[PDB]
Amino acid sequence: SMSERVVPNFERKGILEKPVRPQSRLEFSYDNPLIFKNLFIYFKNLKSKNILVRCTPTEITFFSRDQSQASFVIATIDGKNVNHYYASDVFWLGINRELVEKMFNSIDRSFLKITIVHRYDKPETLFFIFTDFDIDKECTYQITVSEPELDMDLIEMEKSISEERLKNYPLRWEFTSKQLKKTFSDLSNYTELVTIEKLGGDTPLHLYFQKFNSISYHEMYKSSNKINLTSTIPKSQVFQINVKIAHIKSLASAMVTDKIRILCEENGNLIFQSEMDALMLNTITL
Amino acid sequence: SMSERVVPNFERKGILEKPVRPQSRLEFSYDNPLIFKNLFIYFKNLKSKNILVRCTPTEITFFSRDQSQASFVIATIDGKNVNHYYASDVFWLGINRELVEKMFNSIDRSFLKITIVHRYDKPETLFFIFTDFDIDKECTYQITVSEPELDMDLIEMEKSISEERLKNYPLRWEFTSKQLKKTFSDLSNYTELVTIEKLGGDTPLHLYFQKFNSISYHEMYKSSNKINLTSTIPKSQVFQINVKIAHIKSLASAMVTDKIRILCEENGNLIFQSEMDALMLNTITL
Amino acid sequence: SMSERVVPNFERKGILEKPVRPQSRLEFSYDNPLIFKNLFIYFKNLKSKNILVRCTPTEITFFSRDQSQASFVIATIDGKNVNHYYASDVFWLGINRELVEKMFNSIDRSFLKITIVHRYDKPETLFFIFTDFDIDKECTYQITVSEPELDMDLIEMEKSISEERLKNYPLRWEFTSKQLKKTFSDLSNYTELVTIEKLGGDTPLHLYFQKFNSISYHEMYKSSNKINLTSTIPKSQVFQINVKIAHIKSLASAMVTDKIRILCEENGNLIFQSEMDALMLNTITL
């Protein structure tokens, strides 16, 4: 094609009125395939067995829970922010994560494009196409998919991440993926639980654990503006919850996105919002 | 000496009429010692036990087979393309690969020169000298070698790589070491055998495997010019062979050279030619 | 603060007349925390169980021996070469290395400052504070320390590294940490002991081992000026000792400093002096 390395001249067309191929129930193309690799490293870290996929004319969404059933994951890729998107209607698919694990891990910088196709022809087949433009090499995966495991709680977890319900969480801040990784990797060296504490007002955010007669650790954020922290905790009121380290380390080590928004409420539930390009990743740990 | 790091001022003299030292049956010197490290990483990947060495007044050749006896390796370093070469006559040596494994792995960028000396004085000793010019440090290895294991098939494998016999292979193309590594690493994630298929004419090269009800994988090269593919397969004739992944991954992971020429024939035999600087590496898998 | 990354504007004030906080028996601050990480990688490589710490109004010193009891380590950080130092008197502390192992390993480039505080308030607590200036994040470790294990030989090992006793060692040279690592890693591939030999006069330094009928290895330094070698061995006199590889590889792999001074005497005792910035590291292997 056009090479200097191949110069990537891709157009972000978004949602199309009709597919290129007539039997396509879904046509997806994206110029950032590493998004899918990091997403499924996250699914691997969570030891998720099955990935629920919902395709609508506007976006595709991947649902999953971790093995310990504590964390819920909702990853939606917006069709208007990708290079090519069409979906005929609302249909669902089920993918075994172990089957596609190595396929997603095979994504490297030699692939400038990922294509996903589902056809009425093969109702139990999902096509994944990775394209190497340096040598015009097309790598096509034929993945056998099933009709979805119902999991009716997804109707309640998609409501839990609504913006009406989100702007009432009293404590929120932002970490880079590097910062979230460092905090919860260092914490995992000594503890499985960490206390998150914040006094009402302009006091620092505190993360700490205490072990008598050996080691106590306290990490304190003395400038709330530098982590985009906002708090609605009443003055002279103490916000204090304990959260598990394991699932947060799984998301942090996956490095799925650039920045990560952390939202906390008083009964211990956290929400992690990791938005990058076309991918909006939400983690609900209850 | 002359340093800015030491400025390497080495001369490629080639073959000499007589050695520097009088008792030298073989004097070899080369300014690219990493060639030998990658060559013996390959020998290690193949689990080769013994390396057969033939020294002639024109070149030195290393023979070996893999543990499964499927692959044959012929690596010859041309005396006219190295910095210093002399050999009195045609003689053979045998090296235990396990004995010299760590020695070759010790080669790094601090060594700007490898020297190999065999003397009539010590008929069962092979000298390997690595020189660090930053501190004038000379690292000398005294390796005990044996008289060679006969292996008479080498007379038939050196004939098999003749250019008369090579230009009749109907299917050939070229991969970079990175491309050959990616193809056969990704293949090894799901299969032990891959089908190589090519229809006569200007059709794409196809590599694929099929597993019912789980995963099928197909990688297709839509531009034969971009992989230097040439085919003599008759029009409307189908070339189709199955090849083992393991031994090819061993060569690809060794990253011995820059480019790799792949030659296929209809009964499944492959030949890999990897030529870099003074080293010509041939892999015959039958 | 002042950011372009945060521009580090730290002052090296040295020793202060009185602490900032009134109850501080020791106040230590340093703008090179990676020194402590490499120091405790060394302590980990030696499998040291307990670290003896002596704090004086002029400097802080860390003592330890390796598990095999062959090597002694004396690491002193000079208070006049750090950013902030005060100590009320001469007192001693004991630290369990396993307890603080992960804490020191958590030091990365996101921390521009390490602070160590001991208070009369908490006599069995040592505070370690790492500061991330990008987000004003303060990571405080509360380490439980004990009153020191007496180990009276430290009075004899601190005398052994006196400059009066050091300038009589007949053989000394200097390696970069990369060179010391390469020599004793390559040696560890084939041997547990290496012979160090030097003939009196301007002859090369020799390091070698010999194994009959398999492999002999000889590394020779043909330019003594390039490794800053000085010898007081009488002419036509042979200096020859055998030294263990393990403990030297532990120091070399730790990469604690830039250069390393090696001192040898005729009864096999070695001394390694590794001085970097505020840290002076001495290794005595008897």
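Note: hydrogens, waters and symmetry copies are ignored here, and every other heavy atom, side chains too, is used. Below, chain A is the first sequence line, B the second, and so on; all start at residue 1.
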Taking atom [atom1] of [X] as the centre, report whether more than 12 heavy atoms of other residues, nucleotides or ligands fall under 6.0 Å from it.
X      : atom1 : value
B/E156 : CD    : yes
B/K249 : NZ    : yes
C/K44  : NZ    : no
C/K211 : NZ    : yes
C/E266 : CD    : yes
C/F212 : CZ    : no
C/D202 : CG    : no
C/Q240 : CD    : yes

B/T144 and C/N213: which non-hydrogen atoms are nearest, and at how many Å?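 Where B/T144 meets C/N213 most closely, the heavy atoms are OG1-C, 3.2 Å.
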side-chain contact (heavy atoms from CB on, under 4.5 Å) between C/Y221 and B/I135, intermediate numbers included: CA-CA 7 Å; C/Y221 294 82; B/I135 47 181; 3.9 Å; yes
Which value, rounded to the nearest 0.5 Å, describes the distance between [X] atom [atom1] and [Y] atom [atom2]?
X      : Y      : atom1 : atom2 : answer
C/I215 : B/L126 : CD1   : CG    : 11.5 Å
C/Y190 : B/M103 : OH    : CE    : 6.5 Å
B/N96  : C/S214 : CG    : OG    : 10.0 Å

Pick out which of C/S224, C/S223, C/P204 makes a side chain to side chain contact (heavy atoms under 4.5 Å, CB included) with B/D136.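 Exactly one candidate clears the test, C/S223.
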Part of [X] lying under 4.5 Å from any heavy atom of chain C:
X      : result
B/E101 : backbone
B/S110 : side chain
B/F127 : neither
B/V145 : neither

Is it the backbone or the side chain of C/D186 that comes under 4.5 Å from a heavy atom of chain B, or both, or neither?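 The side chain, not the backbone.
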Before you tell me yes or no, could you show the steps for C/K182 and B/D108 under side-chain contact (heavy atoms from CB on, under 4.5 Å), namely the whole-Å CA-CA distance, both residues' side-chain angles and the distance that decides it to 0.1 Å? CA-CA 9 Å; C/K182 167 138 199 70; B/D108 59 11; 3.2 Å; yes
Hey, are B/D134 and C/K226 close enough for a salt bridge, meaning a charged N less than 4.0 Å from a carboxylate O?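 No, no charged N to carboxylate O under 4.0 Å.
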Between C/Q210, C/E219, C/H218, C/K178, who has the most heavy-atom pairs with chain B when the cutoff is under 4.5 Å?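 Among C/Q210, C/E219, C/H218, C/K178, the one with the most close pairs to chain B is C/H218.
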Give a yes or no on whether the backbone of C/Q179 and the side-chain of B/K137 come within a donor-acceptor separation of less than 3.5 Å.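 Side chain of B/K137 to backbone of C/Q179: no pair is present.
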